[PDB]
Structures are given as C-alpha cells and as structure tokens.
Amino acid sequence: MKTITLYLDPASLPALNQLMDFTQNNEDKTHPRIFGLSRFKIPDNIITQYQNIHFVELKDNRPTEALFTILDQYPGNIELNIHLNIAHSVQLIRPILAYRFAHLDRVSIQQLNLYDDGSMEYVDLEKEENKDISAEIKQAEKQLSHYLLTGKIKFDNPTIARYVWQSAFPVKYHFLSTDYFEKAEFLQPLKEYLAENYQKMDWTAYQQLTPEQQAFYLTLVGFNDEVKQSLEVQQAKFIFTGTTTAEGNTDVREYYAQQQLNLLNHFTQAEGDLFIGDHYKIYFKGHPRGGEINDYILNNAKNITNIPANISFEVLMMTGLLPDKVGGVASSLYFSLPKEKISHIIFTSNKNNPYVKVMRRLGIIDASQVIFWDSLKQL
C-alpha cells in the first residue's frame, strides 16, 4: 500500500526535530507528506521540489478538518507515519483517529514518533512525584483504550497518559532528557515500562548529514549566512536568551518585557548582579513566540546583535557556533547546553517550584538560592 508521513507540532522543539527527520528522508520526492508545523514555513523553493506535499493548519492543538480533504486524495490503503509533540499528542492525533473511524478499511496507524515539547513535559512529570506511577500507567492504558475505541477523551492522569502509546502502536519517544527518567526515582516504573521505546534527542544528527542535506536543513530552520557570519566573529560572546508568556495577555506581556529588559541589564551593566564582564559581545536570542517582548528588548537596549527569534538556539550547537556564555530566563534550550557555557538561569514569578526542581534534579542549576526576576532591583 502507501505510507503517508505527518509532521505535527504547534510548538518549537518537536518541529525542529521533525525538520531533521524530513531532511534525512528528503531524497524521496514523491513520498506523501503533511506538514502541520505552526512555527515553521517550508521555503517555496523547497516545496516545488516535492510532489504529494501538503500543509495543514493547527487550531486548539489539533489539525483542522482541512486534514480530511488532504487524506481523501489518497483512495487506496494508507499507513500513517505520525510525528507528534508529546505534551499535546492526545489532541494532535484526535482528528487522525476520527478519520480512521470513517475509513476503517483503508486507514491504519503505522507508527508514532513523539518528541518533547520541551521543559513542559518534565515540569508536568515532576508534579506526579507522590503518585503510584505503576498504577497510574495501568489506568492510563485503560483510558487510552477507551479513547481508541470510542473516540472520547477522559484521562484521570493527562500527564502519564502521554507515555502509554506503546500499548496501542509501534512507537519511538525522543526525550530532551533521558537522565530525568533515570534520576527521578519515583519514575522508575515508567522508565522500565517504556523499555526500549525511547532515546534521547540526537543533537549530533546534523553532523552526520551530507553537505547537501546540511544546507537543506539550515534553509528549513532559517539559519542564513548573515546570522552565521555574525556568530563567526573573533571575540568572546554572550547570548541573552528571552522567554515568552500567554498569561493575563497585555498586562502580563508588558510586565514580562520590562522584567526581561531589566534582567539583560543585570548581565551587561557593570553594576549588575550578574555582570559578565566588558570583553563580551552581546547577542539577543529572543523566544520564537516572544513577539512584542522581543521588540521591547531591541528598542530599549544598545550594542546588542539580534539573532532572529525564529531560529532555534539548538541550531547553534549543531553548527558548532555556540557562544562562550549564555544567560536568561529558564528555557528548554538550557537542557542541552554544555554546563561550561551557562552564565545564570533566572526564573519567572507570577505563580515549591516544579521547574526549579527539574533543573536541580538534572544538575543544570546547583543547590544555591534560585533567582526569580521579580527579586532583581530596577537598574
């Protein structure tokens, strides 16, 4: 029959990983592909090279009904190769299962490849610390069965349910942190349950690509020559990393912008609590979804080189263009950054802190008192 590959992610990290998958399998120009990556626009010059390449919008963390129109274009027997965001897996696959129900004779799920949204999955797991994990797993598999058979969603534990897909399909999990699963003792039952169905995100994949594929990849993630050259300068560098929010909208978005600018000053100003030194060239790597928050930094800071917000930080690691130091608000990017390059990681207020616990458990931060940006004086 025929295999159809779907790349779905409303966030950044899973999409970054999925674009690598696309690059590795980019030779086949006719393999049907459906892209549902909210934060990525595949360049037109690349699209034209492929046939049976489709695009679908995501709304409320699930592909829209426009997905059914695409699938109807393949009348034969089709096996779905689905790539998903782990945190949002249940909703992202919802429309796919609904379609399958109506075309049970020709539509089947071939396999699932799941990738971490980022720190979110770990913060969520951290909250399950006092649960009987072994029992939570059994209940989740049961409720997953109910979802697969009735199409209805009802999970007593939405978090653990994200990890019981193997009970229904061939699966492969790609974790931002395999250490968390080994260091969090309360999760031992889960680690054992997952058996050989997981691996850590492979950040060395880019280096294994051919010279042609690496350029294909760089084009997909937006890493142009101008940015590359700005990072090839000879001088110690410091990249300030931004964050974003979705809380209280406007008011909170403006609070975030102001606290982030103040944070930057604490790193770059001689009188700052986190002053890095004067020999560093300053760069700003804003959050992909920072929006007005990123603009606030550029409009109110000086002598700072902007690295387009849409360019995922990990790309610098892949290209071997990491700076000497990195500092900013807690982010998923710090999970794969070499410890020697960490300046300071600051946490946001606006409510024990689950995120703090996760990074401490992984040794990303030490036992010392954590810095929340609401405790930094206005410079």
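Throughout, we count residues from 1 along the sequence that is shown.
Higher mean CA B-factor, judged across 114 to 122 and 247 to 255 from the recorded values: 247 to 255.
Stretches compared: 325 to 333, 38 to 46. Higher mean C-alpha B-factor in the entry: 38 to 46. The PDB entry gives the largest Cα B-factor of the residues 94, 172, 162, 131 to 131.
Listed residues 75, 158, 189, 288 were ranked by CA B-factor as deposited; 75 comes out on top. Residue 193: CA B factor in the middle third of modelled residues in this chain (values from the PDB entry). Residue-level temperature factors show residue 206 in the highest third of its chain, judged at the C-alpha atom. Per the deposited record, the Cα B-factor of residue 366 falls in the highest third when ranked against the other modelled residues of its chain.
Ranked by Cα temperature factor within the chain, residue 312 sits in the lowest third according to the deposited record. Per the PDB record, residue ranking by Cα B-factor puts residue 101 in the highest third of the chain.
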